[PDB]
RNA sequence: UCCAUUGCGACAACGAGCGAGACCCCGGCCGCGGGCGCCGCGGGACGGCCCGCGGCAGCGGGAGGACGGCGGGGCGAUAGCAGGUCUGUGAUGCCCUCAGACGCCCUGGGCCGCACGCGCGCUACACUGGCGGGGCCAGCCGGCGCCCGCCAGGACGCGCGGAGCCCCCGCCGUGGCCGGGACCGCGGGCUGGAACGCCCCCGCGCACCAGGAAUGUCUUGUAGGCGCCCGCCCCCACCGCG
């Protein structure tokens, strides 16, 4: 969806925020989109747009983090986008660190 | 050689009361104990005649500390596989000690006999936990590393 | 003068900036039983008996 | 059993004299001047080595029992390192012909019988091996 | 009739293979299906340098594909076990093969 | 217990009351091959048969690393060659050799800016250096000579036990101690 | 205080989050179930106990216990490098090229040359060793037989299977010697379409007798010694990964 928006020439912040809200409404505790490449410049930047809480390391990254990589193509040159979505409640398993405790 | 199910494959039945396992450095010994005349056999060979001629006393060491009379009246068939010669001499002394102790079982005499062995040599009746460590990339050795050419 | 043995009463600490010197208070095992402090190399512990070559020389207290 | 009760070396040496006295094997004398194993470099200095190797090979086939080990397997039992090269040394099998000659004599002698795949010790040969062992004891 | 049909279950994931085991044992328990014979795991391994180029201290990614295989023994009528295959829970990406 | 099925530990008591605690004959087992972990714990090393420590010191230089079976064979032949000449218990002659080969004074900087000062060698270090020096003098002596390792090891022990300066180990002790007396 | 913003006691801060830990793979120990094959599911260990010391967090021991205080790995914060890869890629901007091609093939040859400087390694410098027979010991994981050939290797078949070191007895015996095995002349094989590749047999017998100034790795199953497998691969490892 983000790749299409970027090819529709949506602003990178506008396109990324739209993807973030849809994931957050679907209940991801954190959504992070990183767009990297020559963003309207001959120098290369790496603007990362992130909201919520996203885990970074451990076996839970395999279970609770959906990491998707695209290579959207623009006229100036390839703009690679990574969308990372983390859901602690995926039904099948629980976060090891989280302790549910009791009343 | 690797913890295979081949206990009865060497010998069929023979009223082997116990089937102990003694393991040192990837070498396992299944020892079968029945009433006998004090004979002990390892790998279908007399225990006294063992390959490391220098370490042939280590194999007979549990018999000496416990006493020949207690050993008399037992026949042990030991099959050692895996590991190497010195560990196979350590595995059989451990297997003999565990198996002879099994005859006393939960008795107060066993508690004394376990203590008697544990005093002369501890870990004679207790497995040694040390096991080989893996090679890691950038070193020929498990922990050794390649020589740094610069810096 | 033959060396006189002395037993460690307290292991004061690790010195020489590489830790290899150990500071120990040693009470002469026999004789006047003076409690002097002497530098030691190696592994040392309480009740270790070491023969002091001169014993009339003592390291700075807890230094 | 028996061949185990007598140390392996004290049996092999006595059996070598026995297998030269009874006329068993009979050295080819063409393999007498050959060196067993590509691995070695200077050839056996024993001069009665064929008989020691012959008594050792029957003793192996006896402990094998119905395993029926092959001649190539016996060559891997006499494998050693090929030392004397700048490249690091590795294990190299023994000469197949020498062992093949030894097993051939036993089959003709009927000390060892032929079997599916490798040959194995015959009952008639086993009788000779165990009587010798108990006699040494 | 009465022949012996060898079922072999080859699966990459242990929990998935254990589930196939539960269904196969349950369907054939009446037909005297044998308890699972677990094969030594096939830990096929590829170790590759992490870098596309040769730059940096050479690092290595140790990838292991473990394949878990269960052999099953049932002796009975062939038609019943053909239906038994439909009855057992179907696990996607996990394969069963029958050899007489 | 008769080490090498020939020598008891009954008369083997160390006279040096400073070094007696760190030399142990109680744990002796015929054939010095106990696989007990001496590396574990700061002072578990002390509670080890002295003869086993010598058998661990003998296997050095890399070309001979790990071959305990060959080292303990040498210890037995060396002990027989000590029994043959000294005419005394060879476990007891080793105990006297370890006691003498150990220097009591060393030189270390002591928080100085290269200026070494006098220190006192610990009673465990005295035992560890003493055995190491015995084995290293023999090692150097047999490197290019028809004389076997067993013969030179037998002779350093026989020389150390009296205190003869021919022992590479006693010369080392007197050098270490003298540098310590001057740096005092 | 801790391996650690690891905690505790505080505190214009008050609540969070990421990394740390947890997690994951393996190992060792014990149950249960299964079994062509040891392989599936659980437990066990937590600084819990004891003694001292510490508001505390913990600390030093003693124990019991396969196992003791980060057992070894996998994963890897935040912000960057103008580090490297366009020759891994129907990844790719732009420039060049674009039928006398920078497409794609085909034969031959190079990359492997070499006054030399340097970085990994390998084998030695011997007697704790070399050389002859004999015993014989694994693990990642794994086919064999028979006959011929000095081996190398081959033919013809089939359904299978296993190390060095070390131990034991001889020999040489301090001699650049039988240490060492570089070179170099015939010869025997192999693989492929083709050697210049590899293997092997009798020669041949180099330095090196322990390495200056420097410098590197390592605390238990570790160093080191000693084999073995796999990756690439017609053949080929002094390499890497196990």
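Round to the nearest 0.05 the FRET efficiency obtained for residue E:22 and residue E:79 when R0 = 30 Å and r is the Cβ-Cβ distance.
Efficiency for this residue pair is about 0.80.
Between residue B:65 and residue A:73, what is the label-to-label distance in nm when each label sits 7 Å out along the Cα-to-Cβ direction?
7.7 nm
Compute the long axis of helix B:108-120 from its Cα atoms, compare it with the longest principal axis of the Cα atoms of chain B, and write down the angle in degrees, 0 to 90, nearest 10.
Result, in degrees: 40.
What does the average come to when, for each residue of peptide B:131-143, you count the partner chain Cβ atoms lying within 10 Å of its Cβ?
If you average over the peptide's residues, the count of other-chain Cβ atoms is 1.
Can you give the direction-averaged projected area of the convex hull of the alpha-carbon atoms in chain F, in nm²?
Hull-based average projected area comes out at 11.6 nm².
For segment A:1-71, take the convex hull of the Cα atoms, compute a quarter of its surface area, and give me that in nm², please.
Seen from a random direction, the Cα hull of segment A:1-71 projects 5.3 nm² on average.
Please report Rg (one decimal) and Dmax (integer) in Å for the Cα set of chain D.
When restricted to the Cα atoms of chain D, Rg and Dmax are 15.2, 49 Å.
Which angle between 0 and 90 degrees, to the nearest 10, do you get for helix B:85-104 versus the longest principal axis of chain B when only C-alpha atoms count?
Once rounded, one gets 40 degrees.
Taking the Cα centroid of segment D:80-98 and of segment A:1-70, what is the distance between the two, rounded to the nearest whole Å?
Between the Cα centres of segment D:80-98 and segment A:1-70 lies a distance of 62 Å.
Among E:50, D:26, which comes first, then next, by fewest other beta-carbon atoms within 10 Å?
By the 10 Å Cβ count, ascending: E:50, D:26.
Please arrange D:80, D:122 by counting, for each residue, the other beta carbons lying within 10 Å of its beta carbon, fewest first.
Sorted ascending by nearby Cβ count, the order is D:80, D:122.
What's the average, rounded to a whole number, of partner chain beta-carbon atoms within 10 Å of each residue's beta-carbon in E:58-69?
For this peptide, the per-residue mean of nearby foreign Cβ atoms is 1.
Please identify, among E:81, E:46, E:33, the residue showing maximal mean-square fluctuation in a Gaussian network model of chain E using a 10 angstrom Cα cutoff.
E:46
Quick one: Cα centre-to-centre distance for segment B:97-138 and segment E:1-58, in angstrom?
Between the Cα centres of segment B:97-138 and segment E:1-58 lies a distance of 37 Å.
Mind telling me which of E:23, E:34, E:51 comes out most flexible in a GNM of chain E, alpha-carbon contacts under 10 Å?
Evaluated over chain E, the most mobile residue of the options is E:51.
For segment B:17-151, what is Rg from Cα atoms divided by 2.2 N^0.38 Å, rounded to two decimals?
Normalised Cα radius of gyration, segment B:17-151: 1.30.
Take every Cα pair under 8 Å in chain A that's 6+ residues apart, average their separations, divide by the length, and report that relative contact order as a whole percent.
Averaging sequence separation for qualifying contacts and normalising by length gives 27 percent for chain A.
Using the 2.2 N^0.38 Å rule of thumb for compact globular proteins, work out how segment F:143-184 stacks up: its C-alpha Rg over that value, please.
1.44
Normalising by the residue count of chain B, find the relative contact order in percent from Cα pairs under 8 Å and 6+ residues apart.
26 percent
Compute the relative contact order of chain E as a whole-number percentage, counting only Cα pairs closer than 8 Å that sit 6 or more residues apart in sequence.
50 percent
In Å and from the alpha-carbon atoms only, list the Rg and Dmax of the protein assembly as shown.
Looking at the protein assembly as shown, its Cα Rg and Dmax stand at 36.4, 105 Å.
From the helices alone, meaning DSSP H stretches of at least four residues, give me the mean residue ellipticity at 222 nm for chain F, per-run term -39500 (n - 2.57), in deg cm²/dmol to the nearest 500.
So the calculated ellipticity at 222 nm is -15000 deg cm²/dmol.
Is there a simple number for the mean count of other chain Cβ atoms within 10 Å of the Cβ of residues in F:120-132, and what is it?
The shielding value for this peptide is 5.
Work out Dmax and Rg for segment C:2-61 from the C-alpha atoms and quote the Rg first, both in angstrom.
10.7, 34
I'd like the per residue volume of the convex hull spanned by the Cα atoms of chain E, given in cubic angstrom.
105 Å³
Anyone know which of B:55, B:124, B:21 comes out most mobile in the 10 Å Cα GNM of chain B?
Highest fluctuation of the listed residues: B:55.
Tell me, how many Å apart are the Cα centres for segment C:41-63 and for segment E:62-100?
Going from one Cα centre to the other spans 76 Å.
Show that you can apply the helix-only estimate: for chain B, add -39,500 (n - 2.57) for every DSSP H stretch of four or more residues, divide by all residues, and state [θ] at 222 nm to the nearest 500.
Rounded to the nearest 500, the figure is -10000 deg cm²/dmol.
Using helices alone, I'd like the mean residue ellipticity at 222 nm for chain A: each DSSP H run of four-plus residues gives -39500 (n - 2.57), total over residue count, nearest 500.
Counting only the DSSP helices, I get -6500 deg cm²/dmol.
Compute the helix-to-body angle for D:96-109: its Cα long axis versus the longest principal axis of chain D, expressed 0 to 90° and rounded to tens.
Roughly 10 degrees, rounded to the nearest 10.
Tell me, Kirkwood radius of segment D:73-125 from alpha-carbon pair distances, in Å?
After inverting the mean inverse Cα-Cα distance, the result is 12.8 Å.
At 1.306 mPa s and 10 °C, plugging the Kirkwood radius over alpha-carbon pairs of segment B:61-108 into Stokes-Einstein gives what diffusion coefficient in µm²/s?
Translational diffusion coefficient: 134 µm²/s.
What FRET efficiency comes out for residue B:102 versus residue D:96 if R0 is 41 angstrom and r is the Cβ-Cβ distance? Round to the nearest 0.05.
About 0.30, to the nearest 0.05.
In nm, to one decimal, how far is the residue B:109 label point from the residue D:4 one, both placed 7 Å along Cα→Cβ?
Using points 7 Å along Cα→Cβ, the separation is 2.8 nm.
At a Förster radius of 22 Å, what calculated FRET efficiency corresponds to the Cβ-Cβ distance of residue E:89 and residue E:44, to the nearest 0.05?
Computed FRET efficiency for residue E:89 and residue E:44: 0.25.
Would you list E:94, F:82 from fewest to most Cβ contacts within 10 Å?
Ordered by Cβ neighbours within 10 Å, fewest first: E:94, F:82.
Every number here is computed from the coordinates shown, using simple stated rules; none is lab data. We place every Cβ from the backbone using ideal geometry, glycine too, and count neighbours over all the protein chains shown.
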